[PDB]
């Protein structure tokens, strides 16, 4: 099958996507500098099928160009990035360098070496603070932090690349938080945004965080608590495969990836407690001014245009996954 490069393939979503790709007939290559990635995940999957692992940094532009000249990829699935909003506020240049700059060279290199299918892991952070509860791909791109801006800039480079080079196809995926992701800057936030609800719930259940606060229980929602968008690592993983499949006969596009509905704070707490067996401390607090009652992706486009079908839209499974991965963080 086709030759695919997965950048960031040693990381959380990349390695899960790697595992799924290995069950296909594609020829698989992986690039990762192992900055956050783990070699052991890689070795463990090499004892499944063979794939080339390139321990290379995307900031070495010549090394990237040469890898691409030698290997002649048909596609790249690009996960490599720095991913923490809080860190980006403190250290914006790290985000513009590791995300926007490295991605820009990567795109130029794709163009020079005939890599004409590019799947880009973008983010819902590109929407900033959306003015609707269910965000569609057409909502304004108005990021409010350097992480969000750094990703939007790469989206815009991809768009210009495709317009100048009709043969070059990109598919951009945006999504909210993925359960089980290890973030170094979350535990130090006492009152994180509700978009990090599963991470916080997992941190409490693992005895890492002392209390979980519910900010407001009188919203116009099912149970009065906030509704947010979370996704299983294997479901966001499969959507990247679906995105590549989509680029076979279809033109460039951008898709939200999500279940098309959210989960409430109350639901996540109940599920996390049940699945972990830990009755961690939760306290009711007043509404936090500015917090929308509902913020989720509109996933109708991806359902409509691709073969993507999630199979872990199950809060207990998602919380279990987050819990298990949390203890590894």
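Numbering follows the first chain given and starts at 1.
Looking at 4 to 12 and 320 to 328 together, the entry lists the larger mean B-factor for 320 to 328, computed on C-alpha atoms. Look at the mean CA B-factor for 257 to 265 and for 44 to 52 in the entry; the higher one is 44 to 52.
Within the listed group 231, 242, 182, 141, the record reports its top CA B-factor for 182. When the Cα B-factors of 171, 124, 115, 206 are read from the PDB record, 206 comes out highest. Placement of the Cα temperature factor of residue 20 within the chain: highest third of the modelled residues, per the deposited record. Annotation for residue 246: C-alpha temperature factor in the middle third relative to the rest of the modelled chain, per the entry. Among the modelled residues of its chain, residue 155 has a C-alpha B-factor that falls in the lowest third, as given in the PDB entry. Ranked by Cα temperature factor within the chain, residue 188 sits in the highest third according to the deposited record. The entry lists a Cα temperature factor for residue 72 that places it in the middle third of the chain's modelled residues.
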